[PDB]
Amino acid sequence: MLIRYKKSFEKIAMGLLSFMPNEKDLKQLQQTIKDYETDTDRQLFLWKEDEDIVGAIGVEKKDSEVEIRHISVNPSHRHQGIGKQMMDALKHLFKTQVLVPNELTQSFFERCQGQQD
């Protein structure tokens, strides 16, 4: 299930975001979360599997498009389709807009975009 980010989950959200190649230290991560909390165009979501929070997906709303800026799955919960599940849910949630990657999420985005349903 795709849930909205909440401050209760700041620790785990920072845990998951750290697996992104552009997030290399605690200060960078703290700034990213602050940016998600305070910029209205930037929205962070988390993925729940039963109780455990194991995925994070972060976007920027940009008129007709929604740009995926961060995507991460807890290493232990990878290779189970969660990463795609998250993007698919986000496509459903932002159905009025065009979902697009930035340079950092392009490769996994295209991999998923190339699949059959």
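Numbers follow the displayed sequence, beginning with 1.
Remark: stretch with higher mean C-alpha B factor among 86 to 94 and 66 to 74 is 86 to 94. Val54: CA B factor in the middle third of modelled residues in this chain (values from the PDB entry). Remark: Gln43 belongs to the lowest third of its chain, ranked by C-alpha B-factor as recorded. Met20: CA B factor lies in the lowest third for its chain, per the PDB record.
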